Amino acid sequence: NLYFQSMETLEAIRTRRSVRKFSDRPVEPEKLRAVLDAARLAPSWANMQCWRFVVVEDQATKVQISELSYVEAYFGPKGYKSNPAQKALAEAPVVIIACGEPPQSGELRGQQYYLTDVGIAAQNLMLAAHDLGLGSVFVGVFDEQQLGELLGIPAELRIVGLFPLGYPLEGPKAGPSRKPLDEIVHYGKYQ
């Protein structure tokens, strides 16, 4: 169809969900290019565009990636005792590996803005995917050392997120909650 699932911007922002169950239906090359181009058009620190995307479609490689995305029992990061998106990395027809080059973005106040820049691009990627009737999910749980070795990624590049990309197998699950605007927004100075 290419255009049937098109949405108004605010509607796409509202209805976008993390998708973790994918059909094996292939992703049209046109849609993949559009999703990646959306990432390309993100703003970045001084327009340095420090993001780099490795796009994997090979089945054997995707299984190997999925096997590097388990949580180490009891040594998991905050909030993931397991990785609900682990199977998605094998099952989705495409996996986009989003990387950043740290010295190619702001490094001040002990903050490394390549992480911010990749976040911005990732959100363009995920909104564009959703706009085109695809699903995706940001995967932050992965063994970076082993994944870098598997993929042969240049040493200077830091891996930030993995993105399964494909057609959702099922309809929109009523996702997790959000905090009320009153909890996350404060008006004026604070005393």
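Residues carry their position along the shown sequence, with the first being 1.
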Item to check | Mean C-alpha B-factor comparison - 114 to 122 and 99 to 107, higher one | outcome: 99 to 107
Next on the checklist: Tell me which stretch has the larger mean Cα B-factor in this entry, 130 to 138 or 23 to 31.
Outcome noted: 23 to 31
Checklist entry - Can you tell me which third, lowest, middle or highest, the CA B-factor of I13 falls into for its chain? => result lowest
Item to check | Ranked C-alpha temperature factor of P43 among modelled chain residues, by third | outcome: lowest
Next on the checklist: Sorting by Cα B-factor within the chain, modelled residues only, which third would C50 end up in: lowest, middle or highest?
Outcome noted: middle
Checklist outcome for this item: Assert third(CA B-factor, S69) within chain per record equals middle
Item to check | Modelled-residue ranking by C-alpha temperature factor, third containing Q145 | outcome: highest
